[PDB]
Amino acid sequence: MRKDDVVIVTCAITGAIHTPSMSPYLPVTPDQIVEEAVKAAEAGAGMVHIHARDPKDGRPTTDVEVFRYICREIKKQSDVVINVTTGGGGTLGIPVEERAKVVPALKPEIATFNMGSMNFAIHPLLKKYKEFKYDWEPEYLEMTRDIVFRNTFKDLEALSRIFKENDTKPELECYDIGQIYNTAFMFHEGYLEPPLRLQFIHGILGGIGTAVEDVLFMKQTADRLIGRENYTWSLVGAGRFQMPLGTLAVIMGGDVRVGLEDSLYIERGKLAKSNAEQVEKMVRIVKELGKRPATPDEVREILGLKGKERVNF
């Protein structure tokens, strides 16, 4: 049972979708990711969501030593909840058993747990960006035209066990209705321990879109398959749907995720200068609606997390 006026704001710092040449404010190096996470926390993000990128050229990497560095350095400066991706790399065809290695290495409090195999395509960005600092960038974007983001039921069974072994909470990423169905199945099969934490992700080419209809239907599907008393949820709107759909989520009693991982913009046609800028905006809206951002320790109590110092970094 949680307070009806406290909203968890998550800030997704860099991701794997956007590339350096798309915005000079996309955090690329590990130290940039660290500083932007700490700034996001100080702006009201009770949780930060972390991917690694190669410092030399910003290319996505699964390297757990880069994760280890980033997470340790954030923890030195902040009590923010550090949520680690196990999805990062998937758009480069990297399997779950390799993506998942960050969980036993770092034993984070919470990490992402993607709930189905899907197309996950950003090749259309090649129409929008013509020149790139690095050769890897347009190659990466093109290759997503034929790469499956793979998360089979066999993968998910093994992942559920890995999370339990390292006392890591799954944040169950759902990009379509079928993936909520997948979530219900794994829950009812005993693999996922309640209360579940779901995140609804809207606007991926290969997933569900960004209509108000889509958001409502996702949440109602979770209510009816899983049961309201058995889960909490957050939402991501891609790109310019970040603030409108995030606001919808809050109105519906959900939590919200913002961050340069999901959108490079602060307004129509205006690049966000930092993660903190989007966090400050969403906090202003949360407060107009008579709510407030959760502190990191509130996030821990709300999601039942193990504690900032019970991690392996």
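Each residue number is its position in the shown sequence, starting from 1.
Asker: Which has the higher mean CA temperature factor in the PDB entry, 87-95 or 73-81?
Answerer: Here the higher of the two C-alpha B-factor means belongs to 87-95.
Asker: On mean Cα temperature factor in this entry, is 224-232 or 211-219 the higher one?
Answerer: The stretch with the larger average C-alpha B-factor is 224-232.
Asker: Kindly indicate the residue among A249, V34, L271, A40 with the greatest C-alpha B-factor in the PDB record.
Answerer: Among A249, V34, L271, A40, the highest C-alpha B-factor in the entry belongs to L271.
Asker: Comparing recorded Cα B-factors across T168, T112, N182, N119, which one is largest?
Answerer: The C-alpha B-factor peaks, among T168, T112, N182, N119, at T112.
Asker: Tell me, lowest, middle or highest third: where does the Cα B factor of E280 rank within its chain?
Answerer: For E280, the deposited C-alpha B-factor lands in the lowest third.
Asker: Taking the C-alpha B-factors as the PDB entry records them, is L192 in the lowest, middle or highest third of its chain?
Answerer: Highest third, going by the recorded CA B-factors of the chain.
Asker: Lowest, middle or highest third: where is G239 by Cα B-factor in its chain?
Answerer: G239: CA B-factor falls in the middle third of its chain.
Asker: Divide the modelled residues of the chain into thirds by Cα B-factor and specify which third, lowest, middle or highest, holds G15.
Answerer: Its C-alpha B-factor belongs to the lowest third of this chain's values.
Asker: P108's Cα B-factor: lowest, middle or highest third of the chain?
Answerer: It belongs to the lowest third of the chain when residues are ordered by C-alpha B-factor.
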